[PDB]
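Colleague: Okay, here's the structure, questions in a sec.
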Amino acid sequence: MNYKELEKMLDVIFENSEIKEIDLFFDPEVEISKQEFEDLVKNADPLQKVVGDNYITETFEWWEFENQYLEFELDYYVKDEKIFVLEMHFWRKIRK
Amino acid sequence: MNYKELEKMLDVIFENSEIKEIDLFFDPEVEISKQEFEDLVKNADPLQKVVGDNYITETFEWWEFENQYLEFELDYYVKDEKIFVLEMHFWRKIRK
Amino acid sequence: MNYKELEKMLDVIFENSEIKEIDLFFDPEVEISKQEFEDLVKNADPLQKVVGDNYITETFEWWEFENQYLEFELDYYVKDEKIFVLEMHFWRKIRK
Amino acid sequence: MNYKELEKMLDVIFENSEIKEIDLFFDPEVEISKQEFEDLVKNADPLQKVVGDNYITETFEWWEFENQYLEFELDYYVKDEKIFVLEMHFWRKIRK
Amino acid sequence: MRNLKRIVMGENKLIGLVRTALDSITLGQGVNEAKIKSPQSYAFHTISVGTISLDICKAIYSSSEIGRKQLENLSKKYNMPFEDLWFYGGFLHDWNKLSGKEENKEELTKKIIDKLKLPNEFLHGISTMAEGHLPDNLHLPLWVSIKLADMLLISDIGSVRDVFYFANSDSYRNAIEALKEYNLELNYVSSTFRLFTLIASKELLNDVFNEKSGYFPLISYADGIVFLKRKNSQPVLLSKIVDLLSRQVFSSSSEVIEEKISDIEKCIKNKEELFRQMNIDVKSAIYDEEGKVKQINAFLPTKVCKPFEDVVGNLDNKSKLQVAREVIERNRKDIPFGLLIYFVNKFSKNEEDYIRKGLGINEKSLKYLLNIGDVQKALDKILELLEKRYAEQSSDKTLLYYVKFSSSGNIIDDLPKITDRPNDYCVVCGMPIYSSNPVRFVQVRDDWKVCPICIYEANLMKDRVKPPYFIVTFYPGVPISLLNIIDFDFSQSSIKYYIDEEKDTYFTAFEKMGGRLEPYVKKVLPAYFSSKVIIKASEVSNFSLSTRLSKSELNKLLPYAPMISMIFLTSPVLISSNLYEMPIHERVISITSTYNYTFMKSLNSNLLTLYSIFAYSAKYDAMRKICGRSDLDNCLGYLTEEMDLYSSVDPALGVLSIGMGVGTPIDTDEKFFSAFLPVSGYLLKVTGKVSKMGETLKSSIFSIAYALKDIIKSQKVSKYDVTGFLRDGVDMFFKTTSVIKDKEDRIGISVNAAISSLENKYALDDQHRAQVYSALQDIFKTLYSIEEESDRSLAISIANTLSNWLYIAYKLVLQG
Amino acid sequence: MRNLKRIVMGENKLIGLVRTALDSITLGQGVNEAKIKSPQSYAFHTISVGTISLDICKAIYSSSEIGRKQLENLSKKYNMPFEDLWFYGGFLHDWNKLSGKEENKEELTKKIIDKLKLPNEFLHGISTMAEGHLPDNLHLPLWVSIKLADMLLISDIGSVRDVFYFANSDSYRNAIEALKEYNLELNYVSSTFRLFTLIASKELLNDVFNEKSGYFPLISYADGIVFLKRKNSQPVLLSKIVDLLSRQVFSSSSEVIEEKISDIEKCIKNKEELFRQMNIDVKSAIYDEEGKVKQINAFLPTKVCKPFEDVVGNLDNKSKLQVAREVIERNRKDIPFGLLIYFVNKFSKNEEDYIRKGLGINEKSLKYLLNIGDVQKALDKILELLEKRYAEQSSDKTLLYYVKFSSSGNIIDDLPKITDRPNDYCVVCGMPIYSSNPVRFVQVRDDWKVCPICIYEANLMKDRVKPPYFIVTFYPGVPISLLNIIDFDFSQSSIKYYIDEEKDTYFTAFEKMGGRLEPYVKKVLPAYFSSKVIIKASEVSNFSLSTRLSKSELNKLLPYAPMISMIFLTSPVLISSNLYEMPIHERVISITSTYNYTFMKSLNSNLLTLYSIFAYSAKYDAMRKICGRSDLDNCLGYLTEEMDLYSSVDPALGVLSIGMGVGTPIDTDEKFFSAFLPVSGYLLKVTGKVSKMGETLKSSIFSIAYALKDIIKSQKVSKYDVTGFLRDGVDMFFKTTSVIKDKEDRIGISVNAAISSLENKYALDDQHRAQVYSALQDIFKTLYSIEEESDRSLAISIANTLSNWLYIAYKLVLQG
Ligand SMILES: [Zn+2]
Ligand SMILES: [Zn+2]
């Protein structure tokens, strides 16, 4: 799967707050470069990283206009300096 | 959010077969017409329609290739011929 | 695992109304008799039975109090009058 | 909910490997003491803790006979030296 | 709902009969008040009639060969189990007579006979046996048992002797003459309620009035028990009654006696090296190296040595001997001189009682006497002292069965009272004291003393029957075969309060409240002879309850009061700190304590009274989540002060009482979203039926809330958005320029100001605003009526209460 | 599947017609081989007949007023759109004639006319027009267009002139005589395939043979194009042909010319301070302070200064003038002396060409000449030099249209060849060189030179047409109105290979392969006059492809070969490094390269040949997951070495070729569970139909795998558990004591040893082991036949391959 088409879908999630949560799973894994992955979270607030047995889990969040945040979680692994993503998770949370 | 935005996210799901499963949840509901709902279904096989207390759930299926089918179910409600979609589910199943 | 073990876990779910939702997944499947399956249902209202490709899904509902109902659905299959349960779902819904 | 009855249910999960995964949610929260919570994980291998905005998430794991592990995750918060649990998660994983 | 299979465990044949009858009747159908004369519920009276009818039939079956074969034929005719025919016969019979109240509408009886899965041919006999005479001669046992049960449970027979006066004079004579032919007599034994009798009454029904001797206890009436006598059976003898009940006192606990033994070992151990050394060179141990002789407090430290007659004086006479000999046998091999010095010198007021080998020497005598073999002389003088006191305290017990346990159908084996010159009278209870020892050391004028009775009551209130108490009385009486059956179990559920008048039956709501039916009741203390039953509060809640009854902790035990009532078939409940606090008497039940809040008032029906306190249980369950461990007592006080004030104008406002003035934190988001939402739909349900005002308020708030989400089709609301337009109406309604206005103008201007502030923020419809305007009229119509009554300073506090409830209903109609 | 609405974007009326026809026919139905004489598919021939019939009808419509109104009546009679009537008429007509092959079974035509949603009355005319004569006189345009399209596409008309010989002599004469009456002639122009003609042929069909001039191109046959001539239209003139095609050479890119300008600025900048200082005191700059005079390499550094006639000598004559004047205008205001010294002293082989103001002084002349105004004399001598070379290189272009672009239906405007004494001949292509300058500096014997033609071909292979190439040819020809329509897009999908013979139609599999139909084709280079089309491999894969064709990188471009074939309507595909590599000729298509592996052999049907390489695409997609970035080239080699060996005995074993001997890591769990499972069900599907052996193997492995999970009802299996009992049979089958045995005994003992080792671990059934025993016979029966053929040392390697496939099928039957 070309990252061009995945970004074509993720832009709708960033631009539509009506999207409360989205859980998507890839099979086979989608490969992206380090620059493509960094360009997605370049403007994010990193939260955690979990070095699993054979899957790296990271969590990020952004802030939106008010008390509303956009959460992001993904599981991935690295091979030959490309990033293979297992699954992605988005959901919006409101809290102080 | 209208179908013009949701169609941009659905075109990605239909083209890329790597997406094994994706779950969409809306708040508020996405408003679509009965015509746009018919065009999203006309080529799929319907399998089940159940009328909940206030949420009618309908599922469909496309044949992709070999023995892999793309299934798709909805949670929505209707008023004044307008269709408000609560949530959307897509997943690809190996069917004998 | 037999119904003698599963009944010890179900007695807790029926007594304590604080359990809002609980999902059970078996591997391998829990083997129960048609009689023990009938005794787990005889007092509930059946709502839906659908026959999957190899997994028949049936759901039931008890009235607890006021407008709160305990719903319960199954995923199972039958052979030689033996019932093998794939998974179990319990949740309590406010129904008007 | 008395912890006596919750432990009556959790013992079936520790003693039946056929239970692949269980996700249960409490509403209202179940209150237990620090000793009751420590007695559950006294023999566990702690993995992580996440100090959420108003919910503490912890993850534990045990080892079982072979390459099979039993995972545990729960979200909770403390008030008046009692522990109020929001939800619990169990699942069994096999890996080196 | 518990496992429908696990409730059937320990299936006594009577338990399933009561389960089936309660499972058949609707909850709101058995809770209904029976008659105007006394507080009786349909569930309590009908179950009692069937229970007594079951007992009388089993008595006839076990006593007469002719009644046995007659009941066998009567059972085979309808093809029903014997005890099922006997129980349901009286149960259906009582429903057919209590339905004589205005409704006739006998149609209800067909639903019961259907769910019981019984032939209607059986109902054709009952409906002609309740009124009319026998179906035929074979139904004579049922006619006798049921008519007797119907007699024994008239609205207020009120006394044991009134049964025997109703007996021969009225129309009940024909049934007793036939009971005579079944060789069964009627009999009764009157008794007075006392603390020791509460624990000991169960053993009398097993070792005296048992079926083996042929007495068959039936029912009690607060002044005695009513049972039977099969002819030529042995008479009820007082000798075994005194033999059993004095044994319950003269049988101290096997670990309490171990503690009194340890109290002795605590002293003689403190100077163990001296007592062990005294086995040789006594003159070197008793004398001090600096002077003459040591005194005994240097060997027997006063801080740790309680005198023996004060240690074991709390027990009985036989238990003192077991204490002395077990202490002697346990420690004679180690420190026999410590045992000698202890008993000889630490015997409290009877200090000089050791004259045997009593040389009269003050302290030097240890050098001038023989060895360890002399210690047994003390055990002999202990035998000669306690066995003599035993005959005196057994006589102190006897007068209770000469004066109190009286007015009986038993005969007296006891020699009369005159053991001349009773040594004293008890200072609290008044019973004559004859034993020479007792003095008032409970833990112008000279000395006061107490009898061995109310010291045994103290050893029970120390642990086994410690206050406070839940008390529930029955009118006119309660079957004994039903008292020893009903139990409860709150340990797995704590408080539960959700009940529906008709969606579930009585038994479903019975077990939902934690009610249990077990062959051996263990959490309940049935005062048999008192026609009442007492619940120890420690077995209800796990809170560290006090010994009295604090008004702040009454707010904590009250959520269990209605549950206790329903478990005991909807009967009046009293919360008290002393067993002897007497109940106050209406056609409806009452939940009361030493000091009654206004929200505990008994509404016009048992169903509404239960809902009134069940509403408080739902609020208590929310404050449990809100306020902390230390703030809750201050929180429940501010709530109770408001409920007691709102219910003083109408109980529907008592249901809506939550606070929401100031008091404890006014912060709304910390209170509504956190706890009160899951119980709001139930509190509103209770409000809509406790009064006509509450029905007007419930329908008006929902008619606005339904119209609010219909206009505000988005969840973007603030707290001020849905409540602001109403607050502008309340401000208009209470400012002094509008308070002077006429009634039709003051309500008309305020509702116009309410809709005017609403339409400036959102768009209404011409046909849609009319229902909001009509509901706002009814709201301000009630705000005027609760200002005619009461005060402006309270109507404003109620308006703020109602204004916040509108926010609650808006969040409640979106829950679906 | 793409959005069924977004494919319709850019809807050329022909595109929807081809989409509808392909959507109507089954995939395995259009892929079918047409006739035995030449490689043709049902999809290619029938679509071509309809496309040409559409072109001839639109030509008649646009050329004759009488045919226009005749087509209007014919369209209104059936009530169909004009072009829909014209296209589907020839499409259905060709299916009705190609079905003459043995099956008659004309029942297939009813499915097509139904899905097209067309009246069967139209089919009644076609089924009587394909055989028989006119339905009536009004159908004359269809009879002409379709019979001409049927003629133009006979299995191998093979040549442009063969059309005009088939024309008048055979039965096709009646259609052309009627085409005469529609004032439409036939015509053709022969041309030779060349690299520059590949990019330039598209412009000829737009600026020469366009509809505006009335020529209507139809089809090409590798030796020319066939078009039409409406009577009294202008003749095809060579003057505009040479005018347009020489312009494509004499139009260097606007950024390539900017680069050659920057190559000049790179030199004159290196010593900018000296050229700027030369505006005054030239004698102080040209002379060195230590001696006499400096030489020009101190001002014009050799490392950075390429001579001008070598810099811009790669471009054309007009582009050299634009380079010189743009460099002059850009830098005259700053360093005019650097511009002077550069052109005067760095002009390469024509060094002395600056005689104008050429004092003959070697280096001192800068002191002895006039100022900046003299620089324009160089621009004049550049104009007089390049405009003269322009007339010589335009003459060098002309002979291509005198000798190669020949055998035509056009007239010659050009003056004949004799520009006497051609200066040389090209050393590679052979065309005569006349311009005085060119020498072979491409980047016994004296000097070799090259013409301006194949230097323009080099500037195209540098970027625009860089090798390698996918090449697909058509037999006997391909419609031109279809070449400029077909395109592809692999950028969003990469490789796709899942096809079903009948579950989806041709168009579904067409778009599934990434095929596109667009009005302006952009990723495809149609060699029009060559009846073939060339695909640049850089627009297929994103890999850094080499300039030749490595055998290790052929394994990487091959997964795209079958996709290219299907997109171009199932036509033979050739992978090559040079455009001019000529195809080898069977009734079935062939996928080939310079060196052919055995697994690329063409099976007995186009469907099986595609499955043969589609099986390799599935394996390549798994190795993509397994081996790393550097190991993959070594991985694909070990796989290809096995496939080429297994397919040498049977192609079904080529489908089952994966490796699993040793070679690259034998670790099975790292290979099966990681990549090969999702494609195993497809590889087995291909195996069960490429040969009778594969059908025997597929049914036997599944019959064991189905029976394995039926016996081993648990997932507790190890790798050795499901494969061990078979390995014990293979060991029994190949040990030298049993290899000598007779055929019926060697297979009978090995299957007995297989089931014996199985029954010792698990329990079988009497009726259940028979199917396992019968399948093991067929397996070892094939292991004997692949030992009769081939070797024991290979049959063991195949046995290990089959033994691992049993583990694959066991994990495959549990996937559901
Ligand atoms: Zn006393
Ligand atoms: Zn050349």
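Each chain in the structure tokens gets a letter, A, B, ..., in the order shown, and its residues are numbered from 1; ligands are numbered from 1 in order too.
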Show me, as a compact mmCIF listing (two decimals) with N, CA, C and O atoms, in the first residue's frame, the residues of chain C whose atoms get within 10 Å of chain B, using only C-alpha atoms for the distance check.

Modeller:
```txt
# COMPACT_ATOMS: atom_id res chain seq x y z
N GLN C 48 -32.65 -13.34 18.27
CA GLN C 48 -32.03 -13.47 16.96
C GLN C 48 -31.23 -14.77 16.90
O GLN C 48 -30.47 -15.08 17.82
N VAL C 50 -28.90 -16.54 13.76
CA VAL C 50 -28.38 -16.52 12.40
C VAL C 50 -27.36 -17.65 12.26
O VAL C 50 -26.57 -17.90 13.18
N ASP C 53 -21.45 -19.49 8.32
CA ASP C 53 -20.87 -20.55 7.50
C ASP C 53 -20.54 -21.78 8.34
O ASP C 53 -20.79 -22.92 7.92
N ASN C 54 -19.99 -21.57 9.54
CA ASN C 54 -19.75 -22.67 10.47
C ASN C 54 -19.86 -22.21 11.92
O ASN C 54 -19.20 -22.77 12.80
N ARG C 95 -33.00 -0.14 27.98
CA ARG C 95 -33.95 -0.33 26.90
C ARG C 95 -35.26 0.36 27.24
O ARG C 95 -35.84 0.11 28.30
N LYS C 96 -35.72 1.23 26.34
CA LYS C 96 -36.99 1.92 26.52
C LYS C 96 -38.16 1.05 26.04
O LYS C 96 -38.06 0.37 25.02
```

Colleague: Hey, list the chain E side of the contact with chain C: 10 Å cut-off, only C-alpha atoms, answer as a VMD selection string.

Modeller: chain E and resid 1 to 6 492 to 493 497 to 501 503 to 504 508 to 509 512 681 to 682 685 815 to 816

Colleague: Using only C-alpha atoms and all ligand atoms, find each residue with an atom at most 7 Å away from ligand 2 and format the answer as a list in words.

Modeller: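 The residues within 7 Å of ligand 2, counting only C-alpha atoms and all ligand atoms, are residues 426, 427, 428, 429, 430, 431, 450, 451, 452, 453 and 454 of chain F.
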
Colleague: Report the residues of chain C whose backbone DSSP state falls under strand (DSSP E), written as an MDAnalysis selection string.

Modeller: chainID C and resid 19:33 45:51 56:65 68:79 82:94

Colleague: Could you write those residues out with C-alpha atoms, as a PDB file, in the first residue's frame?

Modeller:
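Dumped to selection-v5.pdb:
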```
ATOM      1  CA  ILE C  19     -20.606  -5.959  35.538  1.00  0.00           C
ATOM      2  CA  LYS C  20     -21.675  -3.690  32.677  1.00  0.00           C
ATOM      3  CA  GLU C  21     -20.114  -5.785  29.896  1.00  0.00           C
ATOM      4  CA  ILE C  22     -17.936  -8.904  29.743  1.00  0.00           C
ATOM      5  CA  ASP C  23     -16.552 -10.687  26.667  1.00  0.00           C
ATOM      6  CA  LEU C  24     -15.397 -14.317  26.779  1.00  0.00           C
ATOM      7  CA  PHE C  25     -13.297 -16.010  24.086  1.00  0.00           C
ATOM      8  CA  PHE C  26     -12.461 -19.719  24.141  1.00  0.00           C
ATOM      9  CA  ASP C  27      -9.666 -21.736  22.532  1.00  0.00           C
ATOM     10  CA  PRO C  28     -10.479 -24.564  22.274  1.00  0.00           C
ATOM     11  CA  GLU C  29     -14.271 -24.315  22.500  1.00  0.00           C
ATOM     12  CA  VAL C  30     -16.171 -25.032  25.706  1.00  0.00           C
ATOM     13  CA  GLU C  31     -18.246 -28.202  25.344  1.00  0.00           C
ATOM     14  CA  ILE C  32     -21.749 -28.149  26.846  1.00  0.00           C
ATOM     15  CA  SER C  33     -24.816 -30.338  26.466  1.00  0.00           C
ATOM     16  CA  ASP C  45     -36.305 -13.935  25.683  1.00  0.00           C
ATOM     17  CA  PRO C  46     -34.703 -15.048  22.393  1.00  0.00           C
ATOM     18  CA  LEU C  47     -34.202 -12.270  19.854  1.00  0.00           C
ATOM     19  CA  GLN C  48     -32.027 -13.474  16.961  1.00  0.00           C
ATOM     20  CA  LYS C  49     -30.591 -16.678  15.489  1.00  0.00           C
ATOM     21  CA  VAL C  50     -28.377 -16.523  12.395  1.00  0.00           C
ATOM     22  CA  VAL C  51     -26.544 -19.501  10.891  1.00  0.00           C
ATOM     23  CA  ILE C  56     -24.466 -20.246  14.592  1.00  0.00           C
ATOM     24  CA  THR C  57     -24.996 -16.999  16.518  1.00  0.00           C
ATOM     25  CA  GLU C  58     -27.918 -16.732  18.948  1.00  0.00           C
ATOM     26  CA  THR C  59     -28.771 -13.951  21.402  1.00  0.00           C
ATOM     27  CA  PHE C  60     -31.025 -13.729  24.459  1.00  0.00           C
ATOM     28  CA  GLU C  61     -32.154 -11.207  27.063  1.00  0.00           C
ATOM     29  CA  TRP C  62     -33.229 -11.152  30.709  1.00  0.00           C
ATOM     30  CA  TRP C  63     -35.117  -8.361  32.450  1.00  0.00           C
ATOM     31  CA  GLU C  64     -33.248  -7.324  35.597  1.00  0.00           C
ATOM     32  CA  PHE C  65     -35.017  -4.229  36.950  1.00  0.00           C
ATOM     33  CA  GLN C  68     -32.178  -2.394  32.430  1.00  0.00           C
ATOM     34  CA  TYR C  69     -31.927  -5.688  30.534  1.00  0.00           C
ATOM     35  CA  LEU C  70     -29.107  -8.246  30.570  1.00  0.00           C
ATOM     36  CA  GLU C  71     -28.419  -9.253  26.970  1.00  0.00           C
ATOM     37  CA  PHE C  72     -26.377 -12.298  26.007  1.00  0.00           C
ATOM     38  CA  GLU C  73     -25.276 -13.702  22.644  1.00  0.00           C
ATOM     39  CA  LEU C  74     -23.461 -16.896  21.671  1.00  0.00           C
ATOM     40  CA  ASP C  75     -21.179 -18.186  18.927  1.00  0.00           C
ATOM     41  CA  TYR C  76     -21.231 -21.978  18.778  1.00  0.00           C
ATOM     42  CA  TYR C  77     -21.580 -25.080  16.609  1.00  0.00           C
ATOM     43  CA  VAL C  78     -23.178 -28.489  17.108  1.00  0.00           C
ATOM     44  CA  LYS C  79     -22.095 -32.061  16.388  1.00  0.00           C
ATOM     45  CA  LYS C  82     -22.742 -31.683  21.660  1.00  0.00           C
ATOM     46  CA  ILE C  83     -22.503 -27.884  21.744  1.00  0.00           C
ATOM     47  CA  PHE C  84     -19.062 -26.291  21.366  1.00  0.00           C
ATOM     48  CA  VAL C  85     -19.076 -22.594  22.306  1.00  0.00           C
ATOM     49  CA  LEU C  86     -16.667 -20.330  20.422  1.00  0.00           C
ATOM     50  CA  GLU C  87     -17.225 -17.139  22.431  1.00  0.00           C
ATOM     51  CA  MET C  88     -19.666 -15.522  24.859  1.00  0.00           C
ATOM     52  CA  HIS C  89     -20.840 -11.918  25.265  1.00  0.00           C
ATOM     53  CA  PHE C  90     -22.737 -10.334  28.168  1.00  0.00           C
ATOM     54  CA  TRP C  91     -23.755  -6.695  28.532  1.00  0.00           C
ATOM     55  CA  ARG C  92     -26.472  -4.693  30.283  1.00  0.00           C
ATOM     56  CA  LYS C  93     -28.461  -2.248  28.151  1.00  0.00           C
ATOM     57  CA  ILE C  94     -30.904   0.528  29.032  1.00  0.00           C
TER      58      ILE C  94
END
```

Colleague: Separation of atom CA of residue 749 of chain F and atom CA of residue 735 of chain F, in Å?

Modeller: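 Separating atom CA of residue 749 of chain F from atom CA of residue 735 of chain F is a distance of 11.8 Å.
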
Colleague: Give me, as a list in words, all polymer residues having an atom no more than 8 Å from residue 78 of chain F, counting only C-alpha atoms and skipping those fewer than 6 positions away in the same chain.

Modeller: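 Once the nearby chain positions are removed, what remains is residues 119, 121 and 122 of chain F.
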
Colleague: Atom CA of residue 405 of chain E to atom CA of residue 227 of chain E: how many Å, to one decimal?

Modeller: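 Computing the Euclidean distance for atom CA of residue 405 of chain E and atom CA of residue 227 of chain E yields 15.5 Å.
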
Colleague: When you draw a straight line from atom CA of residue 387 of chain E to atom CA of residue 245 of chain E, how long is it in Å?

Modeller: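 Straight-line distance from atom CA of residue 387 of chain E to atom CA of residue 245 of chain E works out to 18.5 Å.
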
Colleague: So that I can check the surroundings of residue 715 of chain E, please list as a list in words every protein, DNA and RNA residue that reaches within 10 Å of it, counting only C-alpha atoms and ignoring chain neighbours fewer than 2 positions away.

Modeller: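 Once the nearby chain positions are removed, what remains is residues 27 and 28 of chain B; 709, 712, 713, 717, 718, 811 and 814 of chain E.
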
Colleague: Based on the backbone DSSP call, show me all residues of chain C assigned alpha helix (DSSP H), as a list in words.

Modeller: residues 3, 4, 5, 6, 7, 8, 9, 10, 11, 12, 13, 14, 15, 34, 35, 36, 37, 38 and 39 of chain C
